[PDB]
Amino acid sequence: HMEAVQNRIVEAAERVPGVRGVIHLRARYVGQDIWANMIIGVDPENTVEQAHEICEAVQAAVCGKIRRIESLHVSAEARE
């Protein structure tokens, strides 16, 4: 029953400047810890550097709000 935690991850991610939706989220329990992988949408006209910064901001925001997450990998794809 991972809906509640995944809902929290998505909402946290979406509240970060530059996030155009969560394209993909795979979360799994490793013991009582969550390890996750996420792909966010970003403006196709952002620079690669900006997209990297937005990914780092999502990582901080999400990990800050969901204490059980012990690994979170965030990548980005162009989204209009």
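For every residue, the number given is its place in the sequence shown, counted from 1.
Comparing 1-9 with 71-79, which has the greater mean CA B-factor as deposited? According to the entry, 1-9 carries the higher average C-alpha B-factor.
So where's residue 48 on the chain's Cα temperature factor ranking, which third? Middle third.
Where the record places residue 63 (Cα B-factor, split into thirds across the chain): Tercile = highest for this residue's CA B-factor.
Could you say whether, by C-alpha temperature factor, residue 30 belongs to the lowest, middle or highest third of its chain? Top third by C-alpha B-factor.
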